[PDB]
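Contents: one structure, followed by commentary.
Chain letters run A, B, ... following the sequence lines, proteins first, then strands; residues in each count from 1.
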Amino acid sequence: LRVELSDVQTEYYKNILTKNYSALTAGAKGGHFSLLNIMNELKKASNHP
DNA sequence: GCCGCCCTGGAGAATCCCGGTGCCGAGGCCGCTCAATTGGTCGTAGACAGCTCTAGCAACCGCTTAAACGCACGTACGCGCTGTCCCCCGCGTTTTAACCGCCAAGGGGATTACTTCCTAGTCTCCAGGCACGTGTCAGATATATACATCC
C-alpha cells in the first residue's frame with residue numbers, strides 16, 4: 001500500500017534533503033539536529049515527524 | 001600766663017591688574033633615502049576530478065557479568081570552643097650604606113665600509129637502505145610408550 005505524505009512530512013523531507021540547519025532549528029531551544037546518516041533521517045521523516 | 005595731653009584730617013607707600021616681550025614643548029616643513037610599489041614573466045602549489053578501499057554512524061538486536069546504586073550502620077574526623085604562650089609587630093633610637101655626583105684610563109661592543117674565500121645550495125646520476133613479503137630453521141611444549149614399584 002503506497003500512501004502520500006503530509007505537509008509536515010514533505011517539508012521535513014525537503015529540509016533534510018536540501019540541508020536547512022537554520023530552518024531545521026526554527027523554534028527548537030537546543031537546536032541540536034544531527035544530519036549524520038542522511039538516509040536514516042529520511043526514513044524517520046517518512047515514518048513520523 | 002605757660003606747659004602738657006586728647007581728637008581728627010590729608011599726603012606717602014604697598015598691592016592688584018594689564019600690557020609688552022622672551023623662553024619651553026610641540027607641530028609643520030624640508031631633505032635624505034631606502035624600502036614599498038608597479039609592471040612584466042614564469043613555474044608550480046594547489047584546486048579539481050576520478051577510482052579504490054577502509055572507518056565511522058544511526059538505530060536496532062542478544063547475552064553476560066561486573067560495575068553502579070541504594071540503604072543501613074557506625075565511627076572517625078572536621079569543626080568549633082578555650083587556654084596559653086610566644087613571637088611578631090609597632091615604635092623610638094642609632095648607625096650605615098644607598099644614592100648622587102666625581103675622577104682616571106682602558107677595553108668591549110655597536111655601527112659603517114670593504115675584501116675575500118669557503119661552504120652550502122642546486123643539479124644530475126646512481127645505488128643501496130628501508131619497507132614489505134616469504135621460505136626455512138632451532139627452541140619450547142605436549143604426549144606415547146617402556147621400566148620400577150605398592151598393595
Taking the sign of the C1'-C2'-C3'-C4' torsion, positive for north and negative for south, which way does the sugar of [N] pucker?
| N | result |
| --- | --- |
| B/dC6 | south |
| B/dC18 | south |
| B/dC102 | north |
| B/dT84 | south |

- Considering all heavy atoms, the nearest A/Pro49-A/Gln9 contact: CG-CG, 3.7 Å

- Closest heavy-atom pair, A/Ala26 versus A/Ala23, reported as atoms and distance to 0.1 Å, is CB-O, 3.5 Å

Measuring only the [atom1] atom in each nucleotide, how far is [N] from [M]? A whole number of Å is fine.
| N | M | atom1 | result |
| --- | --- | --- | --- |
| B/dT38 | B/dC42 | P | 22 Å |
| B/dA49 | B/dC126 | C1' | 36 Å |
| B/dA138 | B/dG62 | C1' | 47 Å |

- What pairs with A/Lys14 under salt bridge (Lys or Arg N to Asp or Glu O under 4.0 Å), at least two apart in sequence or on another chain? none

- Query: Does the side chain of A/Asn15 come within less than 4.5 Å of A/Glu11's, by heavy atoms?
  - Reply: yes

- Item | Interface limits on DNA chain B, where chain A has a heavy atom under 4.0 Å of a nucleotide atom | B/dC57 to B/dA59

- Note on the structure: Those residues at least two apart in sequence (or on a different chain) that pass side-chain contact (heavy atoms from CB on, under 4.5 Å) with A/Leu35 are A/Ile16, A/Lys19, A/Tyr21, A/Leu24, A/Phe33, A/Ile38, A/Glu41

- Note on the structure: One should read off an interatomic distance between A/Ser6 OG and A/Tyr12 OH, to the nearest 0.5 angstrom, of 10.5 Å

